[PDB]
Structure formats: C-alpha cells, structure tokens
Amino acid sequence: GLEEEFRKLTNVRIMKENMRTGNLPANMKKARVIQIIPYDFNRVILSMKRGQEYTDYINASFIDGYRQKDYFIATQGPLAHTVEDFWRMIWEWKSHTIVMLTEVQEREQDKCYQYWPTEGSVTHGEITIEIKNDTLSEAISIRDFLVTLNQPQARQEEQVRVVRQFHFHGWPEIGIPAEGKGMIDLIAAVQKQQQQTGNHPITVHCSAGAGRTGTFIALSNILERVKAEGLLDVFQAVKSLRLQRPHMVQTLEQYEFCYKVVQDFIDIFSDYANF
C-alpha cells in the first residue's frame, strides 16, 4: 500500500521546461546536488547589482503552507561559496525563523557549511550575524541571532532583526527516527514561534534541500490541516510538494516516517481520531 503510493510519488514528473535558471552553467556550482534545484515559477529571487551577474540566484524555493502561499522557503544547506547568498535571502525576504535538519557533517562527510557563529560575531557579505542565546533542549538547539544589514551606512540603525534558528539533532545518521515525538515537538515549537513573528516565511534546509526538508514541510502542512479540518491525505500533501520542488521527501523510508509521525500525533491527540 505504502510502497505503491511511493512509486506513484516517484512517478511525479520533473518539469525541466521550467528549470532554466538553476541549469545556467554559472549557477550549477551553487547547487549541492544538481538534480535538486528550483523551478523558475517559485525560485527565491535575490536582488542584483548593476555590475555582478547571475547573483539573483539561490537554490531555494517558495513552498505553500496550509493557510498561506509562499509560507516556507525550502533550500539546501549552504556551501562555503553560497553563504553570503543564504544570508542575503534571509534578509531580503524577511525570514525570522530557520529550521535546520542536518548536522554539519554526517557519516564522515560534509553536509552543510556552518553558516552561523558558535560564539560572538561573523560577517558574511554585507550582513553581520551575532549569537545571543543558545539553549539545547531534547534534540533541539534553539539559537537566537542578532542580524544586521551594514549597508548603506545611512539606514543601518533600522537594519536589525532577531533571527531564530531551530537545529534538530533527532534524525539519525542512517535511516529515520525511532519515534515521532521529536518531530512533533520541532513542528510545535516552530509554529509557536511564527505567532510572535507573524507571517514571515520559514526557512527550512537539510543538506541537498529535499528529503528531510520535504518531510518537515509535509508534516507541518498535514498536521495543520488535521487541526483545522480533521482531513488527512498524506499522499496528496507530499505529491503537492513534488509539484513545487524536485524530489521533496526523497526516499521510501522518509515517506514511511511521514505516516509514523501522523499516527503518533493521533495517538497523542485523540480528539482527531477516526474521522
């Protein structure tokens, strides 16, 4: 049953007619995994100076939430030479929340560049990031950063924001979590934070930007639909993500984990059972 659904998800077409920007030779080096790049219709567009060129491109897509269009930004873990773009996207598109679903290294290999300072300040491009708080609590690090856009010198005192990063440590190096609880806590805590910040897009990334990232987005969409309408359709939620960005929810085991977390949620919250 579940194998047959995932085969049909696998059958969702890559719409290469709309993949021109990420396939430009200059932009291919900005992708970590080249088959996982945005469609042009929902790619996150950065600003561009008069001189330098192809700098309007980042491997990132707007992804719809349950209530809201463009609710998430699904992106890859930044590369050393894409870290300035990463923060330019956070700034220009006013993200106040980052959800990180990978370690910097897993199974002895580089999965994501450490784009945030562990202590003190770091400056990437025109943007300075300073960590102010860092609390570990049950497989989730919550980090608060003071983010400052340093240009022009004129408006600079207005150009300060607090960006909060949720770093999930609960996904093992091999396979999928044994329990759904850690993912539900992560989802709950990110949604709580969106109230205080309002409807600014949430930045979600793993390493290549599809597997765990799509799992998180799919589960947030699914659980919010259950709470609002009591209706459940895992297949449609995931397929709809594949229509927005290639390979969202990448492996059969991640699709299994989607169902596990959903069952765990209804086991905790009985008022939603058996509709």
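Residue positions are given as counts along the sequence shown, with the first one as 1.
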property	result
146 to 154 set against 159 to 167, stretch whose average Cα temperature factor tops the other in the entry	146 to 154
Given 70 to 78 and 108 to 116, the range whose Cα B-factors average higher in the PDB entry	108 to 116
Highest recorded Cα temperature factor - choice among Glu92, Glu103, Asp85, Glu138	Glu138
Within-chain third of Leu186 by Cα B-factor, per the entry	lowest
CA B-factor ranking of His96, expressed as a third of its chain	middle
B-factor third for the C-alpha atom of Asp264 within its chain	middle
B-factor third for the C-alpha atom of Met28 within its chain	highest
B-factor third for the C-alpha atom of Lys132 within its chain	middle
